Amino acid sequence: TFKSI
Amino acid sequence: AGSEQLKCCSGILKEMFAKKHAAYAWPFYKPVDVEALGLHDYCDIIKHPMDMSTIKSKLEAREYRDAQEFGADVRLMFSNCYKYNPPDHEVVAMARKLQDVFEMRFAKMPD
């Protein structure tokens, strides 16, 4: 999942 | 007291911004990017976003009456992360590591 890169 | 504690609060936030913790602190440096793919529902779920730069700005603008208010914003930041994300999300483990730092310093603050 994207927000934590 | 009120005065001394908020100076400690500034020190705590400074440590949270330090290289020492950057590996897990960085998702919290700036407001969550609600324009990015995956975050289209962020504002539906999180009514009061918070991040370290906003807290730094609040301290500097003297918007906290005491350590308690500063602490409430730091914990808001963490709670937003716990609320929005699945508990197995990598960003949740990062929040906990950063929160370990905050809670320990905040607690050890003189009284």
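Coordinate-derived values only; no laboratory data. Here the Cβ is made from the backbone with ideal geometry for all residues, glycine too, and neighbour counts use every protein chain on show.
Here the contact order of chain B, divided by its residue count and restricted to Cα pairs under 8 Å and six or more residues apart, works out to 35 percent. What is the distance in Å between the Cα centroid of the stretch B:59-97 and that of the stretch B:1-35? Measuring centre to centre over Cα atoms gives 10 Å. Treating r as the C-beta distance of residue A:4 and residue B:60 and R0 as 30 Å, the FRET efficiency rounds to 0.65.
Can you classify chain B as rounded, prolate or oblate using the Cα gyration tensor, where a ≥ b ≥ c are the square roots of its eigenvalues, rounded means a/c under 1.5, and otherwise it's prolate if a/b beats b/c and oblate if not? The shape class here is prolate.
Between 0 and 90 degrees, the angle of helix B:2-16 with respect to the longest Cα principal axis of chain B falls at about 40 degrees.
Each helix, a run of at least 4 DSSP H residues, gives -39500 (n - 2.57); summed and divided by the residues of chain B, these come to -19000 deg cm²/dmol at 222 nm. Computed from Cα positions, the angle between helix B:90-108 and the longest principal axis of chain B comes to roughly 10 degrees. By the Stokes-Einstein formula, at 1.567 mPa s and 4 °C, the protein assembly as shown with its Kirkwood radius over alpha-carbon pairs has D equal to 88 µm²/s. The simple spin-label model puts a point 7 Å past each Cα toward its Cβ; for residue B:109 and residue B:15 those points are separated by 1.2 nm.
A Förster radius of 41 Å combined with the Cβ-Cβ distance from residue B:41 to residue B:7 puts the calculated FRET efficiency at roughly 0.60.
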